[PDB]
Structures are given as C-alpha cells and as structure tokens.
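In what follows, a single structure is set out as structure tokens and then discussed.
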Amino acid sequence: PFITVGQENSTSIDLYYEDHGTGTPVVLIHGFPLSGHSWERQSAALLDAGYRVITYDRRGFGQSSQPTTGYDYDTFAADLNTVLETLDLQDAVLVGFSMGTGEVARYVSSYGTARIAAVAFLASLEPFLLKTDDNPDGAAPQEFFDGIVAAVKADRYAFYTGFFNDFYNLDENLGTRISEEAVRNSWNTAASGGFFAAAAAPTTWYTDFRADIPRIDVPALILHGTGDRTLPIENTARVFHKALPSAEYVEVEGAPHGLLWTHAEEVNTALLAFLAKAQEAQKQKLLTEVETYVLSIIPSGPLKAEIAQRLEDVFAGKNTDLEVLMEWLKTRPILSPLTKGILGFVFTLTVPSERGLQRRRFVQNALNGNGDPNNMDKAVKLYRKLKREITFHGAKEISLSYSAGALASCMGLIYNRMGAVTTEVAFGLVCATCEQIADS
Amino acid sequence: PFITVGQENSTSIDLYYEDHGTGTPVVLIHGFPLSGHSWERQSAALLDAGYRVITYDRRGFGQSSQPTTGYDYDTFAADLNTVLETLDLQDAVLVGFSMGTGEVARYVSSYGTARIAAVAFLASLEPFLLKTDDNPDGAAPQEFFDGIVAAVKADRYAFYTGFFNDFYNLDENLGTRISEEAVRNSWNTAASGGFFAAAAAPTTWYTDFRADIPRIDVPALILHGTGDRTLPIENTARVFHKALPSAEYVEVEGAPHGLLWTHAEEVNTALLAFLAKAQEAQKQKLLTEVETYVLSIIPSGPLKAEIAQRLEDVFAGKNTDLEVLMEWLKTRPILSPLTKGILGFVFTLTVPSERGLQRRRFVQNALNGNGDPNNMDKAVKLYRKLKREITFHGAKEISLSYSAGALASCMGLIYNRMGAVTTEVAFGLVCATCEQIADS
Amino acid sequence: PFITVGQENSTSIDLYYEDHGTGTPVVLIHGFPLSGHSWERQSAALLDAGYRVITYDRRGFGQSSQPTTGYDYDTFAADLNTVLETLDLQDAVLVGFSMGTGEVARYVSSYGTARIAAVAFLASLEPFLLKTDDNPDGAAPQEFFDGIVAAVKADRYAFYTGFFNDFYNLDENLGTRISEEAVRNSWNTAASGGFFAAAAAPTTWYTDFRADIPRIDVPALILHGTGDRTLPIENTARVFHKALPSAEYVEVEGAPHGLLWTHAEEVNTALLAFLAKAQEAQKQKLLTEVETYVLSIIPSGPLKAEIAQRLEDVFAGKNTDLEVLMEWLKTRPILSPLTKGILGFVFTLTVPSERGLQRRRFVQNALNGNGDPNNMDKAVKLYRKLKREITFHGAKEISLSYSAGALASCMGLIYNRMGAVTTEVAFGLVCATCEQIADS
Amino acid sequence: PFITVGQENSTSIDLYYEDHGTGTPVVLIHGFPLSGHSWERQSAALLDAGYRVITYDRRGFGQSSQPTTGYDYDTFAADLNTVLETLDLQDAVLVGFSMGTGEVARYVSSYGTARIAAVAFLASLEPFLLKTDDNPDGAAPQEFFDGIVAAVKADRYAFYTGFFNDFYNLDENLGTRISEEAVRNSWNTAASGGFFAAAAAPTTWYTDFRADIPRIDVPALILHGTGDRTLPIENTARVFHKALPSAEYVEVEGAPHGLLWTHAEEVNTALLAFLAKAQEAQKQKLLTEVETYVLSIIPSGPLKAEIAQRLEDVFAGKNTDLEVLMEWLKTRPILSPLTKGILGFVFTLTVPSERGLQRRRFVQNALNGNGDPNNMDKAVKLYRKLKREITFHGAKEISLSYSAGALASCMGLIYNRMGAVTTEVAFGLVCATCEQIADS
C-alpha cells in the first residue's frame, strides 16, 4: 500500500502506509529511524478497542520511497496532509512519536484541525531542541546535532547499534523490558531506511515548533519518559507542558526514548484512556446542544422538565431501560406525535444498548411523512447529501433547505434502518427538524 | 509479482507470487512463518526436472500484504483459488507444507480438482490437531494453542528464535543439516511477516480437515518427518494415512518439521518420483479419454467395435503394423472421411515407430478443411496457442472455442509436419474436435 | 522505482532503480551479490559534487525481480540499455564494479557510446577471467568457478559469510576499514537476492570481454585494488590496462575487492577527479547555449558586447557584485524592459551567492506579464509541467508551446519564489522565451 | 457482382465485374463488342500462375448496365478509376484489348500509376486511328468510321456476323483455331450488349491517345497480331512501339484481331512471361531496399560486410542452409540482440524453404519488446493496421508513427505466427523499425 506525495527525477515519491480495523481513524506517525511497524504494540491495542489504525512510513524510512530531497517539517507535514486527504479522514486522531510529534504540530499549524479530532505527543520534540541564547530551554547546541549527522555519514550501520543503546536504555531494559531479538529487528529496520534520509533527518530534530503550538486547539496529550536520554524530559515535554497547559500531561517513570515497546503497558493505557475521554468530551458538547434544540419544540411546563431530566440522565450514563422510556414516551398526553417521533429517534440514538428492542411502532407512524410519495422523494435527495456529510454543523445547515415534512420523513428513513449516516449527522438532521418547528 | 486476492479498506490485499520454468505447473504453498522462498531447495530441483514452479506468499507473510482480517482456511483457500484462476493453470500440482497442507485440502474440498492433477502433503496438519474427547487423535489440548498465541503477542521476535529451535531440531541438525546463516535468514523472514498474522495464524492450525479429506480424488502424496516436534508424526500423518490409504506414503527417518531444508535430499527424491508416477498415471487416463471421444463420433455397429479394439491394442503395446492399420482404415465402408482422418491422426501419434511411412494421402485430404482460406486462418490462430500449451486439459479447453471445421483443419496442419506440439496438446486438439462433431 | 526490462511467464521482469540529484547523469552498476545501495559511499559523494546519481539492481539482486532465466552479459547489457533508453540519458557516465564492469563493456561494445560520455571500470573483470591455453593471463581455471556454483547451490546463506570474508579482506579491515554492522547489512542484501541468480552469476564471471574492449572510444578509467582477492590485480586490471593504454589507470594500495566501502576515500577522490574533467565541459556548453539565446534578443551594438562579456565573466567564476550587475542593467538605455527582466533572471540564476539581495523591483514589473489573468492562467499551467521536468532540452521544448506573454509571466512566477524548478529547467524556460522574442 | 460508377435519373450505372484468385491483381479490360468472359482463356492461365484475376464489363456491354450517355475515354477511364479505388487495388497490372487499351492509356495518363505496377496493350488502338493530314499514320479516314456506325444503327444483329468474320479471320481460322460453337457464343454476347453502346463505341475508336502515351512510366508490353484486320499492325502497334521503345514488343505471327482465343497459346506465354518479369522486378527493388535499411543499424566493420554478403546470396538464389545462417548469426560478437532478431526475421522471410526448422529461440527473446504490456498494446494496434495493408511503402509509412519498442514487439508478433501479413508488408515493418534505430 503506497501513497504518492511527491516526485523525484524519473521516479515518483511513494509512501508505504497501512490502514486496518474499523471505527475512529487513528493516524500513527513513527520516529527515527524506525517505520510504521514499530507501532505494533499500540496497533494491536487500538485495534482491540475498535479503532481504525492508520500508519505510514516517513520518506526515506521503512518501505517508503527514498528520495534525496524534501527533508523538512514543512515537507513532512505536506506528506501527512496528502495521506489524510487521500484517505479523506474525518474526526481523525494524530498520534506522534519522536520525529512524529513534529509532523503533528506542523500539520495542525499549517493545514488546520479540520479533519483532526484530537492529538497526542509521545516523546515530543516540542517546543525547540536547539539551545541558543534566546532559547535557553534547548536540549543541545548546534555543534551536537552536527556531530550526529557526521556520525551517521561515517558509518550509518554502526551508528544504529550505538543509537539503539540509548533508545531503549539497554543497560536497564535489555532482556527484561526489551528482548535481544526485538532490538535486532529495530536495527534491520534502521538499515532498510534510505542512506540519505538517515543523515538528513537529524538536522530536522532541532526545528522551532514554538510557532506551531498555539495552533493546537483540539484536545491534546503529552506523554514522555523520565529516563529519555535522546530527548531530556526537562528540555522537551516539561517545557512543552508550560506552552500547552490545556493538554493532558503524563510522565512515565524511568521510561527510555522508545517507551512504545519497553513500557507498552503504560503507554497503551494512557493513550486509550485519552482517546476515550476525548470521544466522550466532544460527544457531550454535542448531546447538550441537541438537547436545547429538542427542548425548543416542547411547551414550557412540568413535562418539559421531565423530558429534559430524562435526556440529561441518558447523556450522563444513568442508563434507563430503553423499553421503559419508550413506554413512558408513547403514553404522554399533550405531546405532538411528531415530537414523540423526534424524541424516540433521539433516545434510540443516544442509549448505549438497544437491548434487542425492535423499532417502536409509534415512532414509525410519526416519521412516516404522511405516507406522501412527494415527501419521500425529497427525503431520498436529502439522504444522499447526508451520506457524504460527517459533521454536525455541515449536515444540519444543508438540511434546513428541505421542508419540515421532508425532514420528518427523512428521519424515519434512517430510523427504519433504510438509511445510514454518522451519529453526528443524524443529530444535525434532528436539530434542523426542531429548528423548523421552533419557527411556527 | 503480485496478485490481488482481496481488499482491506482503502488498501488491496495483494499476494507476492512467483512463476518460473516451463512445463507442468507445480504450485508450492509454504508454512508458518516463512515464505515462498523457503521452497528454494525444492524449486531448484523441480526446475532441473523441467517443471513449472509457481510459489506465492500467504497473506500476512513474506512480501504479501499484511491485512488484519481473514485468517481462516476458507479465506486461505479462496486466496489460493484466485491465484490458480488468474494464471489459468491446467493439470497443475498442489504441494503444501505445514499450514500449506491445509490450503490444499480445503481448496480441493471446496473448489474441486478441475485444475488439479495431483496433490502433495508435506508435514501435514490433517486431519485434526485439536485434542478433544471426540477427537483423541489430537496433538495437543486447547490450552496449548492459546499459550502460543499469547507468547507471540508478547514478543513475536523473541518467539521466533525459540520456534525455529524446534522447527529444525537445531540441537541435532545445526552445523550439519542446516547452517547457522540459514537459520538467521529464516528468522528475518519470520520478522518480515505481519505482526497480526503471526498471532492469528496459530489459531488456524487446529482446523478440522476431516471433512475435506474424502474430497481428494487426484493422486496424492503424504510425506512427513518422524522427528517432527511441532507436528507429531502419529497425531498427524499416520492418522492422515488412514483417512487416505490410496495416497503415496513416505516417512523420512529422523527428519524435523522443516525437512524442506534439512532433508532436502530425501524430499526432492520422493517428490520427483511421485510427480513422475502421477503424470504417467493420468497419461494412461488420457488415452482412455481419447478413445471415448473418438468413439463418440462413430455410428454404433460392428465396425465401431473393431475400431475401439484396434485403439485399445495400440494404446496397450500390441504394436500393429502401421501400414496395415492405415490400409484397413482407408478401405472401410460406412466411415466418414473426416472420421478416417481423425483416426489416422491418432494412429500416427500413438504407434511407437513410424517405420519410414510417408504421410498418408487419404488423411491429408480429409483434414484439409475444404480448402477454405478462412478455415485455415482460424486454424493458424489456434495452432499458435497450442504451441505454448503443454497440458491436455489446457490445450483441449482453449480449442473448444474454435469451429469444428477449423479444428479439423488445424489437425491436418499438424499432420503435414507444418506444426509441432507435445503429444498431450495434440490429444487435446483431438478430443476437442470429436466433441464438436458429437453435437451435430 | 522500477523499470521493466523483460518478461518471464505470468510475471514481468522489473529492475529496482533509483535516480537522484540534478546534473550530469552517472549510472552506477553494482557487483555480486550486493545491490545499488552499496554505492551509498559514492552516491553521497557524487551528489555532493552536483552529479545526477542513477543506480539500479541487476536482475535477481536487491529489490529487482528474481527470474530464473537470462543470466548472461548479452542479457545484462540489454537490461542496462532498457534502463538507459527509458530514462533517455544523454552524455551519461557508466561506472561499473565487479560484475558491473562487464555490463559497461558489453553495452559499449554492442550498443555503442551514443549516450555515453565516459566510462569507469572499478575492480574489473576484463579482459578474461577463465584461464585457458589460449588465455594464460586468466586468473583461475574452469574448475575454480564450477566450485563456487556448487558451493552456492549447497548453502548460499553460509556461502555469503565466507564470500564477504574475502570481499572486504576482513582479516585486515574488519573493525577498522569496515565495521561489523556494515558487513551484517551486506549479508542481508546477499540473502535478499534470488536463490537462482546467486548460483547463475558465477558462471558469468569468466566471460570473454576481449572483443568488447576495442569498442571503448570515450575516455575511460581503470581502478583496482592490489589486495583484491576475488579478482587478482595482475590477472585482471594490469592486463586490461595493456589492452587499453589510453584509459586513466589507478591502483589503490592495499585495497580489497570491496574497495567501494573500505577505501571509499581513495575511490571517491579518483572517481570525482576523472569525472571532473567531463562535468565542466558539459556545464559550460549549457551556459554558452543560454548566452547565445540571451544575446539573440539584444540589438547589435557596443552594449551587446558588454552583456556578452559580463555573462562570460560570471560563467567563468569572476564573480562580480550581483548588486553592481543589476545596477548597471537597469540604468541601460536602448534595452527592452522584458530584456532587462530576462537578464536579471539569468544573473540571479548563475551567480553562486544571492548575497542577501532582495528580489529586484524592476525585474518583477518586467516579468509581471501585463498583469493579465489570462497570461497567468497559462503560466500556472506551464509551471505545473515545468515542475516535473529535469532536462534542458525537455523543459525548453515544452515551453515553446506557450505564448510569449505566458513565458514571461511564468518566468517571474519562478522569480518571485512562487515556483520551484531545477536550474537546467529554468534555463530552458529562458531560452524558450528568448526564442519567441527572436521571431518577432 | 456489380460496382456503381455513375448515375442516371432512375437507373444507376452498375458494371458487372469479377475478382478471383489470390495474389498480384491483374485487371483485364475486354474489347468490342464482347465482355469480360472473353478472357476465360487468359483468366484460367493467370490463375494457374497464382495471380489475382480481375475482369469487368465496360458500360453498355455484357452484364453491365446499358446507359445511353458517357461513351468517351475520359468517362471510360473514370469508370475504371472507380473500379480500382473501390477494390483498393495496389501494385496492379492493367491489361487491355481492343477498346480496352485506350482505357489503360487514358487512366494512367490522367490519374497516374499510383496503384499501377505495369501495363499491357493487346491489339492496341494507340496512338491514333483517324487518318488525317497531320496524322498520316492513321488506319482509316473519317468516312470509314461513319460507315460502321450507320451499319450498326441499320441492323446491329446482322452487323455482328459480318463483324466477327473479320474479328477472328474465320476464312482462315474457323474450324481450326476457333470452333463454330465458340463464335455462336460471341454473337450472343454481342447481342446482349446495349443497342446504343454498339453504335456509340465505334466513334470512340479514333480517339487521339498521343498526349497520353508519354505518361506511361511503368514497365509495358505491346502485343499484337499481324493478321489483325480491324486494327492494322502497322497503323497501330508498330507506330506505338516507336512512341514507346522501352515497352516490351511482341508480334504474334498470323494472328487475327481476336487473338485472345485463336492464339490464346501465344498470348498466355507472352503475358505470363511479362508479368513474371514485372512481379520479380518490384521484389528485387524491395530486397535491395530492405538490405540498405538493415545494414543502416549495423556498426561499420568487417562484420557489416559479411552480413551484407550473406543477404545478397539469399536474395539471389544461392540458398544457404537456414540452420547454418541462424547458427552463424547467433554466435556473432559485437552485434546487438535486437539486430540479431531483425536479421533472423529477414532470413526466415526470404529463404524459400523453412526446412521444418522450428522458430529460433534467440529471435523470440530479442523481439519480445521488453515484455512491457504497453509495448504489446501498441503492437496489436499497429498489427491491426498492417493486416489491411498490402504495399511496402503503405505499411512502412504508417509504422513510422509507432515507437521503436512497439515496432520491435510487433515484428516478433508476426515471427511467432501470432500475426499474418503479406511479405511486402512485413518488409515494410522491418524497414520502419530499422529507420528508428538509425536515428539514435
């Protein structure tokens, strides 16, 4: 699997990617000098959690093409952009490691978090490695990095064994947290990389990401190992934590630079928990917004209080029996059938378990759309547009163009399992329907 | 060289295959966790014997794609099917090793031996690995296999060194039957495989192949090592031999699981001898097939009995004077000239000695094809295809697309020494010709 | 990166190549049993010297296809030819190593030095390895070569460690001139090769290249190590030097067979110096061609002489102050504004240092293209094509299809850093522009 | 079989033609007042020589339409033109008799010998029948021709019997050179013709063809009977021979006007000999043209001389053993494999006997065309066009539009019997291929 992201001479620059599982897309950007396969400890964990894992090898690494041009984060980000846009990812998560954290920050800064839902920085480069007078928080001076490039250029194959010795802290973790064979694989992967990329990459490590950080608006995670020899905890993540206080901060005690393997247990737990909290966070801001739209079509009274109470209860996690709620809903006086249908449509959408409960009859007859063929013809045209939509504001605003009768019919069209749209889109259709009713 | 056998989200599942040599197609399916390149000891041998070696890497192994789905023999066989159908192999031989034996058994069972001429099971999984109450012939209980999967998931790279230690019986064969460097290569191949496939594959080893075995009708070969630690000789091949007594049975004394390399000497000898006997077997089955087709265009009577008898006599070895047969053939009443031509073409093909007899005149004028330029133009196009053919079924099935008049002309095209094709191909043209005449 | 050079049954014979840098094309043909990546010591050096490095893996080696047919230098040359003709290289340099030297000689002999400007033979096979009665200068008898093939067929993986032991003279150079890791990588590369190619290749080493040598007319280089164990200096290069006295002869003191890595220092120095005489020639012919095009749009007078003189001055290396040149240029009477822009665009292109000089105002307003959107729409369409261009002749001829207004605008489009094209391509755009003006 | 060559208000002017045999097209134009069937003596003979006999009936004669307009040689030639172009004849020979000779002269003169390879004039009308002061070589005065027209208009049926008495010289040849029954058939044919054409035709006999004769550039033949009463030998053919000395001149002793039947023996001998010399003529001009093109891709040396010598030997008739040539060809140093393939393709084409030699292996792999699918796709498209081609220049010029790689593949497409084209076309493909190689 490859993805053209550029062109070099007679050749074209292709990047070996890998997309597995089904669900919320999680893009994993690796570090130096490994490849996407280095994520295998996390890949399995994310896949077991029902995510969609997407990994790719950076240019000049792994199975990607090995050009002698374009080794800068402006290019590295452009590559990531092409990948995201080629796969057309939406509400995706960017997880970076080593070099990878730089790609994430730069992409967010340059291209914006349109497709991004959350970000994670494992063993970060941010905000700035280069140690200068104006940047005293820098890890090392210019001379140091120039030394690495020269070291790589001398004998890159010999460089790797020494490199990996501080990458995993083998004087501590070899035989225990990382096997002999596991290191040998890392070496082979390092050798498989491009000779030019191997020497070019180090100059990119001291990139100034300070300008990029303020552009990070989506929920972020900053994880780092205290025993990181390559990227000192104080010169990297701790100063990054100050530049981004809103980000969730995690310090793994005594973890080397390559904590992805040595401390896979902790890294997975922290990463999975973060994605869980971010999914729930954006879900709750969505549900409450849906609530206000739903309440906007309910006459002010003690019944509106009950409905608002039952909505807050299911949104929180106080799982009420879906059968009980629907039973209560149908037997409500002074409530429009259309309103009951909208409510029933919302309750089925939000309640975690369907509990083998068949689609309620009173909702179907409410969202039938008068059984008028004209209402359904409009509904199908709308459904076609809602299929290619993934965002709330996007789906809702294009739905407001259709009549209230068509919207109601289109809603039952989804309720009766005849149509499929993402939950966010469905909420948009609900809110758009409630908005039509709120006018009259 | 790859062959798409599936699709996995944005990517497509491609399998790296390899087709070399010219002759009888022999498909080699490898085992866990190596690739098609592990056959290199056998590949060379088959090539030196004039066979056509075709090897491919299983999904998640070798250079094939590494998907996270479809790790079951129903998929593995379906994959194999796509390969066979894409190359359009005819009279092909399926040879399986370790996991490979499962694909052969399952394919034959599900898809049938239409394209298959013979099969071979080296280090078999059959009939059933899983040890239960209803299946006491099982090698190991469920707990054993679950233990392997967990071990792989822990550190697959570390797992390999231990795995290969019982794979080659290194405490016995290292330094003698298998070099240190050779093992190192096998490990790299194991590491190159998919991380997911490595953990998924063990669960497929205890597949119940008992239902598959009875479907095996083509000549079979059962080779196995007595010193096989992974797959105990008694729990696998010996009980497999009972379920298939007709199969040629070979036990290599003191051979490990990976006898393909350690005991390549013995394996080559047994396989080459087996392929010789099976091809010779189907050749006798071929002559009888030719007879029934020729008789299918001859009107039932006392003459039809004589013709059938004279065919049986020459096929057996009762060498009749070629001149006498031709003399008798021509001087037959109630026999179509076209029928005399077909018979005459067969008699020249089967009789061992030509005895300096010049091409019969009555045969040429019978297969001339009315002297029609259009019929010959079609004949040449068919002859071109029949030259690159080596198998009966291959030549026969591609000839059935041409008109009966073109087939008759193409037969005479070969009779007049204007064309040269292998005996099997020529028979294919005869059976295809007789098939068209039997319709009218 | 691949290049189809043949076909074998269902598969196609593809060779993994690699084209980097911009300038004089230098093709690097590797030896047994490595791949193009082994040139990395020279590749980096040649790239730093402004050459265009093109490397490819021979059939059955590296990432190229592994056929079991066509392992002879007549085929090896046919492969190289396809590579050369596909990339359409002109004035190219062929550098061969080990087996590579054979490919070079045979191509020149059979196809001629039409595309070739110079050749280099490192660790040559020439003129003849096989020791016979008619060739007493042979290195080793027939039995020797037959022994190697038998050794490879026996255990190619074990063979490699032994082969590489004399390839680098590890008893002398291991730990000093070549690291442990470096050899380990070479072994992996050797294993990655085709099993069949590994055994077939040795039979090609004793090819008679004596008939091929006289066809070498382009300037040649013969480098060889005195401590070359695989190919003895006296049996190979010294007798080759006699058959080709005009060739520059270099003997690296105490260098093994794999001098490309162990003695890269000397090899680079010798190769670069040889290539240097050739590089400057083709570079100056390009600049003078640019000059004559520029002079072709300047009205004949005392001013035309000055411009021609100032162009020759910067072309040679008499770097005049860029600010001074621009200053003189703008304040010139009888000079078209468009002409001033073209000149200003050339001076910035040729002058080695930009000297922090901001983009000149008079040039931007000269290459603005009348501010017409239509001129820019054409310019953008042209710029898109010029991005994928690499050659002067290639970029120039496709630019002549656009209007003079579009070319001028596209020129400023690049001048304003809004576009990026290689220097050769930019010159093509200039020459294409001057050619349009010379018509009116 | 008819061919519309004109139009009438309600009728359409159709001419009954006839095309038989396969090979070089020979158009036979009859005389007054017979039809194409009078050529039956010549038709049978020419067919036995492997020619393509094409005969047609002139307007108002035989089975052709019988219009009352357009009875002049400007129209008669235009009719012939329509016939030739409709059948798209190439390298055709025009043979005329009586009136027919005028059509040949007029067509060649006005439309040119584009499709014409050679011409023949049997019982010529040329150059001028009308006897005047400026043309004293005229056969008869105006009064004579006017007398014929009046005789026909009086009683055309009675006219025929008298006419045929001088047509065949019945006072000498009746009962001997022409039977009673043979004449009776001619009378019927004369009667079947149009009444108007019978009277109109004589006025066309005294057409001035003096302006047309110089246009004859193709090799010509002038046959005539000494006892020709209708057209006196001296007033027609002998003065024509002076106006065209290059033409082959044949005088049949004691032959009447209708020598086509009476002296069919002699006419056949002379015509067959003339066509043989003309058919061979273009073949020798072709072989020498192919040679120079083939030699144009061979490097100048002692080898170029040998190849040129061996080509002259096979072209001549010194049939060298085909196997020997191929054996010599393959074992040639300093010769490109592609060149060896081209040469081998030519040698198989030119050598009269194939000697049961199977298609050479070294040629197939040389003309494979790199095994590139794109090259074959181009090859097939070119092959489609080459099938409808019959001429060298025609096939060659349309082949020059395809790439050299496609041309090489298309050549092997024909060599491997996968395609069928006339020898002239194949040569065209060869010369077109050699032309591309000579450029680089």
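By letter and in written order, the chains are A, B, C and D; residue numbering begins at 1 in each of them.
One rule holds in what follows: contacts are C-beta pairs under 8 Å (C-beta built on N, C-alpha and C of every residue); 3 or more make two chains touch, one makes a residue touch a chain.
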Q | Equivalent of A-B within the choices C-D, B-D or A-C, defined by over half of its residue contact pairs recurring | A | A-C
(Q) Based only on mean CA positions, could you tell me how far subunit A sits from subunit C in angstrom? (A) 44
Q. Can you give the whole-Å distance between the Cα centres of subunit B and subunit C?
A. 48
Q) Using the average of all C-alpha atoms in each chain as its centre, how far is it in Å between subunit A and subunit D? A) 80
Q: List the centre-to-centre spacing of subunit B and subunit D in whole Å, with centres computed as mean CA coordinates.
A: 57
Q) When you check subunit C against every other chain, which residues touch at least two of them? A) 8, 12, 188
Q. Drawing the touching chains as a network, do you get a line, a ring, a star, a complete graph or other?
A. other
Q | In contact (per the touch rule at the top): chain pairs | A | A-B, A-C, B-C, B-D, C-D
Q. Of all residues in subunit A, which touch subunit B in the complex?
A. 1, 17-22, 37, 40, 43-44, 47, 52, 87, 179-182, 184-185, 188
Q. In the complex of these two chains, what residues of subunit D are touching subunit B?
A. 22, 356, 358, 416-418, 420
Q: Using the touch definition up top, name the residues of subunit A that touch subunit C in the complex.
A: 7-11, 65-69, 153, 155, 157-158, 160-161, 187-188, 191, 195-196, 199
(Q) For a test of understanding, state which residues of subunit D touch subunit C in their complex under the given definition. (A) 299, 333-338, 365, 368, 370-373, 440
Q) Mind pulling up the subunit B residues that touch subunit D in the complex? A) 373, 377, 380, 383-384, 387, 417, 420
